[PDB]
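First to last, the protein sequences are chains B and A. All you need for PDB author numbering is the position in the first sequence, starting with 1, plus 1076. All you need for PDB author numbering is the position in the second sequence, starting with 1, plus 366. For each residue, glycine too, the CB sits at the ideal point set by N, CA and C. Please read the structure below before turning to the comments.
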Amino acid sequence: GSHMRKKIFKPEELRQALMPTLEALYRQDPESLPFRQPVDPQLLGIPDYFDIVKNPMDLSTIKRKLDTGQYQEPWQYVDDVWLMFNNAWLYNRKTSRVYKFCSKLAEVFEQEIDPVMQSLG
Amino acid sequence: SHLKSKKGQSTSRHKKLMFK
């Protein structure tokens, strides 16, 4: 709506802040192994995926556009990251075999986006 | 039975990827 602060400053300065948060969200660890292999109606999707995900992604996709100047703005990046998270959060329970390998990425990147100033204000 | 008999769809308890 209005009164926000997710532009930070420049698209390139964002590629930088995106790097550190890339190390967090994308630490090449087991926590980030299943994130790039989510579920979708095109392949063994799950019941009702338009209210809990609508447009899911794979950590490898947002990464193919992250290193480039495609999703340097936290608005677009945080949009896919957050959705890519909600894609595996709105129905991953709180302690089952789905809300865990991604909960470490949500807690480690949510701390790297503030630095990215997407959460600046 | 030989042919289907009032079957229709069946949720069969399916909770997304938190089980399969």
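- CA-to-CA, the gap between residue 1195(B) and residue 1150(B) works out to about 9 Å.
- With fewer than 16 other beta carbons inside 10 angstroms of its own, residue 1080(B) counts as exposed.
- For residue 383(A), the C-beta contacts it makes with chain B under 7 Å involve 1115, 1122, 1174, in order along the chain.
- For residue 1140(B), the uninterrupted alpha helix (DSSP H) run begins and ends at 1135-1140, by DSSP.
- Three or more beta-carbon pairs separated by less than 8 Å are not found between the segment 1141-1149 of chain B and the segment 1176-1191 of chain B, which leaves the two stretches without contact.
- Assignment of residue 1155(B) by DSSP, reduced to helix, strand and coil, places it in the helix class.
- The C-beta distance from residue 1153(B) to residue 1166(B) rounds to 20 Å, too long to meet the 8 Å contact threshold.
- Look at the beta carbons and you see the segment 1097-1105 of chain B not touching the segment 1113-1124 of chain B: under three pairs across the two are nearer than 8 Å.
- Counting only Cβ-Cβ distances below 9 Å, residue 1168(B) has contacts in chain A at 382, 383, 384, in chain order.
- The segment 1156-1164 of chain B and the segment 1106-1114 of chain B touch, with no fewer than 3 CB-CB distances between them shorter than 8 Å.
- Residue 382(A) is classed as buried because its beta carbon has at least 16 other beta carbons within 10 Å across all chains shown.
- A straight line joining the alpha-carbon of residue 1084(B) with that of residue 1168(B) spans about 32 Å.
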